Amino acid sequence: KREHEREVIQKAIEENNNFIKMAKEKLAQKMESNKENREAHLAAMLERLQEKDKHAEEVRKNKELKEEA
Amino acid sequence: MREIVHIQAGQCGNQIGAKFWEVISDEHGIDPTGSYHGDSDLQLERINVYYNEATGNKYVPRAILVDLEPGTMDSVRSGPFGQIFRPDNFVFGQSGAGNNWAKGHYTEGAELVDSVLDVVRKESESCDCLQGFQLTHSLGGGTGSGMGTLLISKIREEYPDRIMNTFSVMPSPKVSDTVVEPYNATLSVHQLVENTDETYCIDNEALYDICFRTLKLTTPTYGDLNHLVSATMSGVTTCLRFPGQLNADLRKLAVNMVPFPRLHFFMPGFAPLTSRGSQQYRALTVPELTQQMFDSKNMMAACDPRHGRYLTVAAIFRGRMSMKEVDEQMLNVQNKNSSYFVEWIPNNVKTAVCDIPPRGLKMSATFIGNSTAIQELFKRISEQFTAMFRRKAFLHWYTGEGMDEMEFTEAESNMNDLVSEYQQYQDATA
Ligand SMILES: Nc1nc2c(ncn2[C@@H]2O[C@H](COP(=O)(O)OP(=O)(O)O)[C@@H](O)[C@H]2O)c(=O)[nH]1
Ligand SMILES: [Mg+2]
């Protein structure tokens, strides 16, 4: 009986800890996935804006090439 | 000088436990300060059974007060007979048990139980010849039920050759605090069947019905319920507290009342039924006591004795009366209803008489019956249990404390075995 009593309380401890654990891991995983996704969304936005700058340089380059001719 | 160590666990346990000590302290002429002021030597002849002597001839209850919260125990210390208790015997936690058997038996109570066993040991060591232990508790809560049965199991480990006795209050929806009471009760009974020698089944269903139907109390309080309990407890311990031939100690009682080890759940009865402050003026005649003590309406367990058979009976008459008339009336009951007493246990009804009556009465009679009809009580609890357990309702409160559903299944099965064992001897013939 005494051994079973010990087995019950240490099972309660084990389950409380496993809950805390999985909660901690679930959260850290979520906050990391969100961080990577938001940065990728911003990175793509700038990537498109920087291609507008490159395009603008080609426009001004094309004008300079048309001028003297 | 055969000592009994008293333990009261939980709200219910300490509430009735306190009332118990109030009543018998008055019967033994002991005042709230522990000083004797009686007018009879019969009051002190067996005072050592429940009391310890100190210097100045102070009488101290051999009582240990246990709870997982300080609520009720603070009320006891501030009660009328609060001072009488040994201050160091107040053993309490702070967390409470939340009506959860698992909390009392496996987690919260496990943390406190060793402290209690230290006080038990200090009391037991002082004993000239310890008889055993009596516990007061409810089976519907968490502390008295869960931790109470934990204490019983531990006490049996340290004192396996001593008698374990309990006053166990059974839960009822008529006075229910919680819906998980059938769980706590089923788990507790499982413990009591294994680890007690004598259990007085005090059914809150019965106490309520008595208060309502008989005493005409429209709105019964716990005080009205405990007036009935304290009166019953005083009665069943009369043979232990005063000089007598019959059932004078816990073991001899067990040998007389318990034909089979598992069937030790007693159905108590009391007469006359009174309410507090009623103060009735006409004493009952010995015939009146005898008819009422055996009446179903006077049973403290909601079971019809006519639905079963009596294995054993103990009757205790208190007050100045004709021992001749008592014997005649007791013989009259058995001979007029011989069918309700098992024929394969000859002369299974034993009677005692004590000259000292309980306060407020000239005449009174206490009944203790080991009837197979007690199965009705366990059936009732089993029905309430299965109704929830078939859907695993409210189990999360218990699994959260480490318990497995198997432990519930085992507890249920053992109680259903107890019920069938009672039915076995209810049909048995010679
Ligand atoms: N007769 C009586 N029963 C009580 C009292 N207090 C609680 N109960 C019963 O006991 C059960 C609740 O248990 P409780 O003692 O409060 O739990 P615990 O203190 O944690 O062990 C319910 O079934 C109640 O009917 C009381 O003062 N008198
Ligand atoms: Mg309570």
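- Regarding how it was determined, this PDB entry cites X-ray crystallography in its header, along with a resolution of 2.5010 Å.

### Re the site of ligand 1
Residue and element names in this part refer to chain B.
Reasoning step 1: Around ligand 1 lies a shell of 16 residues, among which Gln-11, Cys-12, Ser-138, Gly-144 and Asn-204 are the nearest.
Reasoning step 2: At a separation of 3.0 Å, an oxygen atom of ligand 1 approaches a polar backbone atom of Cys-12.
Reasoning step 3: For ligand 1, an oxygen atom lies 3.0 Å from a polar atom in the side chain of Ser-138.
Reasoning step 4: In isolation ligand 1 has 570 Å² of accessible area, and contact with the protein removes 96% of it.
Reasoning step 5: Considering each element in turn, the shell around ligand 1 owes the most residues, 4 residues, to helix α1 (residues 10-27).
Reasoning step 6: Per-class residue counts for the shell around ligand 1 are 4 nonpolar, 10 polar and 2 charged.

### Thoughts on empty space enclosed by the protein
All names here are of chain B.
Reasoning step 1: This model, assessed by the stated rule, comprises 1 cavity of 30 Å³ or more.
Reasoning step 2: Within this model, the largest cavity holds a volume of roughly 40 Å³.
Reasoning step 3: Of all the secondary structure elements, the ones that give two or more residues to the lining of the largest cavity are α9 (238-241) and β10 (310-318).
Reasoning step 4: The residue inventory of the lining of the largest cavity, partitioned by class, reads 8 nonpolar, 1 polar and no charged.
Reasoning step 5: Here the lining of the largest cavity spans two domains, since at least three of its residues come from each of domain 1 (1-259) and domain 2 (260-373).

### Concerning the pattern of salt bridges
Reasoning step 1: Under the criterion given, the structure shown has 26 salt bridges over all chains.
Reasoning step 2: Measuring nitrogen to oxygen at the nearest pair gives 2.7 Å for the salt bridge that ties A:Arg60 to A:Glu57. Pair noted here: A:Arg60 and A:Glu57 are both in helix α1 (residues 2-67), with a separation of 3 residues, about one helical turn.
Reasoning step 3: In this structure A:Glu57 comes out as partly exposed when scored by relative accessible area, which is 46%.
Reasoning step 4: In this structure, B:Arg213 and B:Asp209 form a salt bridge, with 3.6 Å as the shortest nitrogen-oxygen distance. With B:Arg213 and B:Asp209 both in helix α7 (residues 204-214) and 4 residues apart, the pair spans about one turn of that helix.

### Description of the interface of chain B and chain A
Reasoning step 1: Listed per partner, the contact involves 15 residues of chain B and 9 residues of chain A.
Reasoning step 2: When the two sides are added together, the surface that chain B and chain A hide from each other amounts to roughly 940 Å², 48% of it contributed by carbon and sulfur.
Reasoning step 3: Our count for the contact surface shared by chain B and chain A stands at 3 salt bridges.
Reasoning step 4: B:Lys154 is paired through a salt bridge with A:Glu5; the nearest N and O atoms lie 3.5 Å apart.
Reasoning step 5: The interface formed by chain B and chain A includes 6 residue pairs in polar contact.
Reasoning step 6: Where the side of chain B that touches chain A is concerned, the elements lending two or more residues are α3 (101-107), α5 (143-158) and α6 (181-195) of chain B.

### Describing the domain arrangement of chain B
All names here are of chain B.
Reasoning step 1: Split by domain assignment, chain B resolves into domain 1 (1-259), domain 2 (260-373) and domain 3 (374-430).
Reasoning step 2: Computed from C-alpha coordinates alone, the two centres of domain 1 and domain 2 are separated by 22 Å.
Reasoning step 3: Taking both sides of the interface into account, the surface hidden between domain 1 and domain 2 amounts to around 3400 Å²; carbon and sulfur atoms contribute 69%.
Reasoning step 4: Of all residues in domain 1, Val-193, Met-257 and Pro-259 give up the largest surface area on contact with domain 2, accounting jointly for 19% of the area buried on that side.
Reasoning step 5: The tally of links between domain 1 and domain 2 comes to 4 salt bridges.
Reasoning step 6: Summed over the shared surface of domain 1 and domain 2, the result is 16 residue pairs in polar contact.
Reasoning step 7: Elements that contribute at least two residues to the side of domain 1 that touches domain 2 include exactly α1, α6, β8 (198-203), α7, α8 (222-236), α9 and α10 (250-257).
Reasoning step 8: Of all the elements, α8 adds the most residues to the side of domain 1 that touches domain 2, at 9 residues.

### So, the environment of B:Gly132
All names here are of chain B.
Reasoning step 1: With respect to the helices, strands and loops of the structure, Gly-132 is situated in strand β6 (residues 129-138).
Reasoning step 2: Residues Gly-132 and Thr-351, spaced 219 residues apart in sequence, show a C-alpha to C-alpha distance of 23 Å.
Reasoning step 3: In this view, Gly-132 contacts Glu-3, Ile-4, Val-5, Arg-162, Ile-163 and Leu-250; residues no more than four positions away in its chain are not counted.

### Notes on the packing of aromatic side chains
Residue and element names in this part refer to chain B.
Reasoning step 1: By the definition in use, this model includes 28 aromatic pairs over all chains.
Reasoning step 2: Here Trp-21 and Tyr-50 contribute two aromatic rings whose centre-to-centre distance is 5.8 Å and whose plane-to-plane angle is 80 degrees, an arrangement assigned as edge-to-face. Within this pair, whereas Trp-21 is found in helix α1, its partner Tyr-50 is found in the loop between α1 and β2 (51-54), the two being separated by 29 residues in sequence.
Reasoning step 3: With a relative accessible area of 0%, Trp-21 lands in the buried category.
Reasoning step 4: Take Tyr-50: its relative accessible area is 1%, and that puts it in the buried class.
Reasoning step 5: Measuring from ring centre to ring centre gives 4.8 Å for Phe-167 and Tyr-200, while their planes differ by 20 degrees; the resulting arrangement is stacked. Residue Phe-167 is located in strand β7 (residues 163-170), and its partner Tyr-200 is located in strand β8; the two are separated by 33 residues in the primary sequence.
Reasoning step 6: Among the aromatic side chains, those forming a connected cluster through ring pairs are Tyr-183, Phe-385, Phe-389, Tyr-398 and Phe-408.
Reasoning step 7: Residue placement shows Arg-77 over the ring face of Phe-90; its charged tip is 4.4 Å from the ring centre.
Reasoning step 8: Seen from the ring of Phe-389, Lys-392 lies directly overhead, with NZ or CZ sitting 4.0 Å from the centre.

Thresholds applied
Residues numbered from 1 in each chain as written, not as in the entry; some residues may be left out. Chains lettered and ligands numbered in written order. Part of a larger assembly, values for the part shown. Heavy atoms only, no water. Near = heavy atom within 4 Å. Polar contact = N/O pair within 3.5 Å; in protein donor to acceptor, adjacent residues only side chain to side chain. Areas by Shrake-Rupley, 256 points an atom, 1.4 Å probe, with all protein chains shown as cover. Helix = DSSP H or I, 4+ residues; strand = E, 2+ residues; numbered from the N terminus. Nonpolar A, V, L, I, M, F, W, Y, C, P; charged D, E, K, R; others polar. 1 Å grid on protein atoms, 1.4 Å probe; cavity = no way out; pocket = protein on both sides within 12 Å on 5 of 7 lines; lining within 4 Å. Points joined across faces, edges and corners; volume = space filled by probe spheres on them. Domains from an automatic or database assignment. Salt bridge = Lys/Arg side-chain N within 4 Å of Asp/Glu carboxyl O. Buried < 20%, exposed > 50% of the residue type's maximum accessible area, 1.4 Å probe, protein only. Contact = heavy atoms within 4.5 Å. Buried area = accessible area lost by both parts, 1.4 Å probe. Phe/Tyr/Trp six-rings, centres within 6.5 Å; stacked < 30°, edge-to-face > 60°. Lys NZ or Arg CZ within 6 Å of the ring centre and 35° of its normal.

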